[PDB]
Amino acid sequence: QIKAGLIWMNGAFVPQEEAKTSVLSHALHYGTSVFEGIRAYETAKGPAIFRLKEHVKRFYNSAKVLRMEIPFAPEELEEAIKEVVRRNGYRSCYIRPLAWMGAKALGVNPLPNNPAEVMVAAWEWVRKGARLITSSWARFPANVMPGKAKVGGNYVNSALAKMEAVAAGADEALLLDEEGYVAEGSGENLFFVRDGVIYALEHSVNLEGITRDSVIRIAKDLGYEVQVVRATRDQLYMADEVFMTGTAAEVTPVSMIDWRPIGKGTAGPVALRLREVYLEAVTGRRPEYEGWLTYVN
């Protein structure tokens, strides 16, 4: 079981055992929910939530894609997110906001079910490099599933790929789009390095990662040249380095893809350095990035 503790349920905190919803909820049957992944890191000045406003903005943006109505103002949700950390006495934790279509009706159309129900829960929270395998499941085309949003149903595609990779003996799955180009990991964005240049993948059908965005800024600040391009699986095979970014994965070096060693076959210097500086940034050690932090105290 998950140790969440007090959970914010539509305006008020309640014990975990009470945070329940009808099994007739539209989202439990049709994947009609949206969520976010936000982290808080321990700093010298107490817990700090990383880029809270960008994550909340995306939460509401994801809802707009489903024409879902969130019956709370962003400011309220932001307060609830800060409270779920305080009330549970968390320091380093992962925060999971969730908006879903309730049980007013079960016709496939979700509009009659508005406004959505909302909740916020949270729980306490490489050298060799991660091993990836390209999935047999293609990332959804942009006119099939809304890839720029974190819609529950989207993750069926992520789930299928993740299970496949794990079953194949790898750590994570790398999905290609329907055209054969690299898209993203089941829950991460991808980058590769070649001849000193850092290449971030275009958005294509992927989620516009906030970690990806953060990584790019940091890389440029450190003096690296950054290019945004479309990439094939063999451009990664031949890269000096490859790494993934994501709220949970932070910056994760990738040492192998499809049993083919990337560069030296272990985490490379660029990825390790980016990961380290990113960690310094989220823990409040870089004044230049203080704007990204929200201290709960």
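All residue numbers refer to positions in the sequence shown, first residue = 1.
The stretch with the higher mean CA B factor, choosing between 90-98 and 202-210, is 90-98.
When 159-167 is weighed against 102-110, 102-110 comes out higher, by mean CA B-factor as recorded in the entry. Taking the PDB entry at face value, the top CA B factor among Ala271, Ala44, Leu236, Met256 belongs to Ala44. Looking at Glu172, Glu83, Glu188, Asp177, the one whose CA carries the top B-factor in the deposited record is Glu83. Ranked within its chain, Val126 lands in the highest third, by CA B factor from the PDB record. For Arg194, the recorded CA B-factor ranks within the highest third of the chain. Only modelled residues enter the ranking. The entry lists a Cα temperature factor for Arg39 that places it in the middle third of the chain's modelled residues.
Annotation for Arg230: CA B-factor lies in the lowest third of the chain's modelled residues. Sort the chain's modelled residues by C-alpha temperature factor and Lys264 lands in the highest third, per the entry.
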